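Remarks on the structure that follows.
Basis: the model, the stated rules and, where named, an outside source; no laboratory instrument gave them. Because the Cβ atoms are built from the backbone with ideal geometry, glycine has one as well, and the counts that use them run over all protein chains shown.
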């Protein structure tokens, strides 16, 4: 089934180039035909050269027939070069355009609502899905696919023209095919197995390495030299055998098939001479046939060598195509033209009997019903990480709940446009990763220039931008401190200036002074907008207008800090850390 | 030279591999000579000679076949041997560096040049033994033999090699000129994909995803032009090569007719001659391709060379030292990442805290007590012995230093705890845990101390990470312990417990405490203050409450 | 082209050395014969190197020789019998069988 899936993958993109992809078939057919009768003409040419010689012995002919056949052969070779020119160029052009199309296709599909895929699959695996499989397809189409097609066409043509030329000699010369194909299948299969094992083992090794070469500081402090080197050496010994086998069986194929070509030309020589001396008396025709068949054997195993070599590329390519097809069948889940395009929240945000979890079984939250008002804010706290952080995931409708409703004024999240939603509501997430370019790009992530100054001042970070060289124009993509990443994220959100804001525990790794700077940044963020906040350090948002506390996704208490402390509860216990 | 320096170990297999290469080449170069001989015998009609030459030819063909397998297997043996040896040597060098020498390069740079380059050079040397040495001897042998068999055609060989050299020059220019840029662009595409993916949360948080897609599509579009250019280059050269070879063969057939008058046996040569001619064309083109690919090998070997050769910042000196007395003193120290004129002294059985401006070498001065850094000016003597005088054995077995960041390694937590002491029994293990107040927390795990830990340690949160780190620090019960703001992430419930536990194991112990939180420092007997490389003063919490101005603008918080 | 001399009247039991020369041509040579009314048929062959092969009818009696210095060939008739009477030719060729005019020998 994998072959069919990969073929469908290719088809989906190659459809848009049908006429050219069909014309190249005629081009290659003509090219192979011309390249396949060339040995016939060179053989006839040497035959006529022998005839010219024997005439020179007594007659001294005008070599007119020889000259004519050389004319034919030279013209055919030139036109062969022309055919190669044309189909190579056209194939390259179509491959380039198709590769661009499918690369943009993978990207576009990625930026659909496949949020669940990223949520479940580890980052490394999904990045691999791209950088290994699609790049393998790219390499295959760049160099692999044309080789196999050209070579198989050459193979069929040369077989047909052998049988048109001679019967017994060709029926014998191809007799080496079963041995060669057995060699190829065995070696390539064992190479696949052993190289996969080698890749696994070297992955384990380089993972051990990566981790040690990252933590070496503690090693130096405590002198773990001997133990770490011993473990590295043991894994190195394992990969020693692994890579020995893998490398040998990977590199064996090409020389093995070359030697097979040697023995093939040898055996065809043997039968050619035997037929020539013991068979037809017309030695001139005999030797012409012999040299012709030598050329044929070379041009026959060249396809076999090329296809066998490209087998490794193409098989892995089609497996990667299977993976990309699995991706391409993932539901986009984009919302339709739902009509409603929110322009202003109206300041009546709330939740209604919300039940949700990563998957329907064992929901992490149940019956969540909270409301928020004009420029108001709500403080949240409960079980660490999941169980409380998840509610935000629904607030942006990253996921969609099975049942229960959330709205900003009556209208449920399912109603309005996703784009308008994301535009009108901002989110700040713990890690707060950055992007390529300059800090100006990261703040803009927008069609705004001077608003960055106001935002950075509001983000209490402007001093830090001006501190660096060329200020906002400082390229970045490392070399940047921790809290300032979150500060940049806050600045980004405020320049977005959405109606509603949601923030997590922004004080994950920061000092008290940076914490206070983050706090005044919060004040700036909340001062003008309604906002939710997830807080584990209660001191951060002690001045919350209203406070919510969660059991494992169930609201258990609510109210003001003073209300929630004069009212005995889990909130007071948590506060009692101070 | 480094590759051969290492391969001296496998020269024994290298020689046999090269001999295998040689035999393969000589067989492949004779078989067309024997082709000429046999079809010449057909011309001369010697049945017994025909049979003898045929059997010789098939035998030599099989000999070349087996030469192929032996060549590849032993070339692989040498290649893997050199790769393993060089990776091991580099790993040893890395582990023998000083922390500064490690800082000379980024961890990503270390890992990439340690894993990608090593395999790149392994594959390169594989191709080198299996292929490279084949091309030059193949080329010269084909040249000389073809000259021998058809001397009158000597010039056409020169013409063909000239033409192929011309087109190969065009390639060696344009293809590289475009290969560098397309490699950079393909790397750029993967980089932007990485950045977008990890940010998918924020990217989808904004409609800017559409513009990000437009940017990615633009970049791919520039990639398209270069890809089309290189495709055109293929479509020009490959037809160009095939055309030149075919034209040379046909010209060989055509011009030989001008000399057959006085010698017809040249009919016998012509076929083997064209075979040799195609052979030499293929040999030169593949040699050019492999020479071009050799540039990456050159870059990789250059990159690995410097890391291999670089010497450390710290060195052994003279004799192993006595047991550390337990005192620490500074003598007008200076350092550049930074520090200058630093001086202070603390005696056995005392506690002191350090505080300074954020980012103003948050922990570097403390990091200097470990010899991983060296005082550029001045000196420090710990226990009355200078850093230049002490040897690493005593430092580790008498001093410890919790890093500014928590670090864990794959496997079990028990081994990571054992990092501090090789033979720390379990009993000492839970003693350290209780000192860090982790016994119950660890008990909550699947097994406990032997429970597993992720490679990145993502199955535990930051607080218990700090706790594990401090346990590792205290397991050895060293005379000197350095505590660096380990309380700045966990819950504000166990800082009192950890400081209290330190306040009972303090016997015969002196510790340095670093943090921006004076709260954890108030329990310190003494305190030192620093500001951007300048020592502010020495004293105590209450005394500095009025003595120095820097105290107040942190104390108010 | 070729040239052969030596043939003539002989008796059953006589000895005659045939001698043929090539027009600057270097070849594997051999002698053929034609009995009156019979087809051209092989008699013996001498390889360019120097080794040879004879027809059973003449095996053990007739001897062939050549001189590579000039590509001349010889064949020693000896112990003749009446059936040996025929016209003989010297042959040396590459593809098309070059043969000389040949000469007759009559075994009386």
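See the values below:
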{"item": "Set A:217, A:192, A:164: member being within 26 Å of residue B:81 (Cα to Cα) and in the same structural domain as residue A:132 (by TED's automatic domain parsing)", "result": "A:192"}
{"item": "Check on residue A:439, crowded, with 20+ Cβ neighbours inside 10 Å, at the interface with chain B (Cβ under 10 Å from one of its Cβ atoms) and within 31 Å of the chain's Cα centre (by Cα)", "result": "no"}
{"item": "Candidates A:251, A:223 - the one that is facing another protein chain (nearest Cβ under 7 Å) and on the phi > 0 side of the Ramachandran plot", "result": "A:223"}
{"item": "When residues of segment B:377-400 are limited to those that are under 17 Å from residue B:530 (Cβ atoms) and surrounded by fewer than 20 Cβ atoms within 10 Å (Cβ to Cβ), the one farthest from the chain's Cα centre (by Cα)", "result": "B:378"}
{"item": "Lone qualifier among B:34, B:57, B:53 - being at the interface with another protein chain (Cβ under 7 Å from one of its Cβ atoms) and either more than 23 Å from residue B:277 (Cα to Cα) or buried (at least 19 other Cβ atoms within 10 Å of the Cβ) (or both)", "result": "B:57"}
{"item": "Selection status of residue B:137, crowded, with 18+ Cβ neighbours inside 10 Å, more than 25 Å from residue B:228 (Cα to Cα) and in contact with a helix residue (DSSP H, G or I) (Cβ under 8 Å, 6 or more places away or on another chain)", "result": "no"}
{"item": "Number of the exception - residue B:111 against (1) more than 7 Å from chain A (Cβ to nearest Cβ); (2) more than 27 Å from residue B:285 (Cα to Cα)", "result": "(1)"}
{"item": "Selected residue [at positive phi and within 14 Å of chain A (Cβ to nearest Cβ)] from B:326, B:383, B:411", "result": "B:411"}
{"item": "Flag if residue B:457 is within 10 Å of chain A (Cβ to nearest Cβ), in contact with a helix residue (DSSP H, G or I) (Cβ under 9 Å, 6 or more places away or on another chain), on the phi > 0 side of the Ramachandran plot and part of a loop (DSSP other than H, G, I, E, B)", "result": "yes"}
{"item": "Which numbered condition residue A:373 misses (of (1) surrounded by fewer than 19 Cβ atoms within 10 Å (Cβ to Cβ); (2) farther than 19 Å from residue A:506 by Cβ; (3) within 14 Å of chain B (Cβ to nearest Cβ))", "result": "(3)"}
{"item": "Qualifying residue in segment B:438-457 (condition: buried (at least 19 other Cβ atoms within 10 Å of the Cβ), in the same structural domain as residue B:400 (by TED's automatic domain parsing) and more than 30 Å from residue A:385 (Cα to Cα))", "result": "no"}
{"item": "Which numbered condition residue A:47 misses (of (1) within 8 Å of chain B (Cβ to nearest Cβ); (2) in contact with a helix residue (DSSP H, G or I) (Cβ under 9 Å, 6 or more places away or on another chain); (3) over 25 Å from residue A:140 (Cβ atoms))", "result": "(1)"}
{"item": "Wholly enclosed strands (runs of 3 or more DSSP E) of segment B:336-412 bearing at least 2 residues farther than 24 Å from residue B:488 by Cα", "result": "B:339-346, B:377-382"}
{"item": "Residue identified as facing chain B (nearest Cβ under 8 Å) and either touching a helix residue (DSSP H, G or I) at 6+ places or on another chain (Cβ under 6 Å) or buried (at least 19 other Cβ atoms within 10 Å of the Cβ) (or both) among A:89, A:28, A:24", "result": "A:89"}
{"item": "Selection status of residue A:136, part of a helix (DSSP H, G or I), within 9 Å of chain B (Cβ to nearest Cβ), within 30 Å of residue A:177 (Cα to Cα) and touching a helix residue (DSSP H, G or I) at 6+ places or on another chain (Cβ under 8 Å)", "result": "no"}
{"item": "Unique residue being assigned to a helix (DSSP H, G or I), under 30 Å from residue B:276 (Cα atoms) and more than 14 Å from chain A (Cβ to nearest Cβ) when the list is B:157, B:167", "result": "B:157"}
{"item": "Some residue of segment A:447-459 being within 13 Å of another protein chain (Cβ to nearest Cβ) and under 30 Å from residue A:349 (Cα atoms)", "result": "yes"}
{"item": "Residues of segment B:411-425 classified as farther than 16 Å from residue A:225 by Cα and under 28 Å from the mean Cα position of the chain (by Cα), total", "result": "3"}
{"item": "Single condition residue B:367 does not satisfy, out of (1) farther than 18 Å from residue B:474 by Cα; (2) touching a strand residue (DSSP E or B) at 6+ places or on another chain (Cβ under 8 Å)", "result": "(1)"}
{"item": "Candidate set from segment B:187-198 (those that are surrounded by 18 or more Cβ atoms within 10 Å (Cβ to Cβ) and more than 7 Å from chain A (Cβ to nearest Cβ)); member that is farthest from residue B:296 (Cα to Cα)", "result": "B:196"}
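Residues checked against (1) farther than 30 Å from residue A:503 by Cβ; (2) touching a helix residue (DSSP H, G or I) at 6+ places or on another chain (Cβ under 8 Å); (3) not in a helix (DSSP H, G or I):
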site	(1), (2), (3)
A:305	yes, yes, no
A:310	yes, yes, no
A:338	no, no, yes
A:379	no, yes, yes
A:386	no, no, yes
A:391	no, no, no
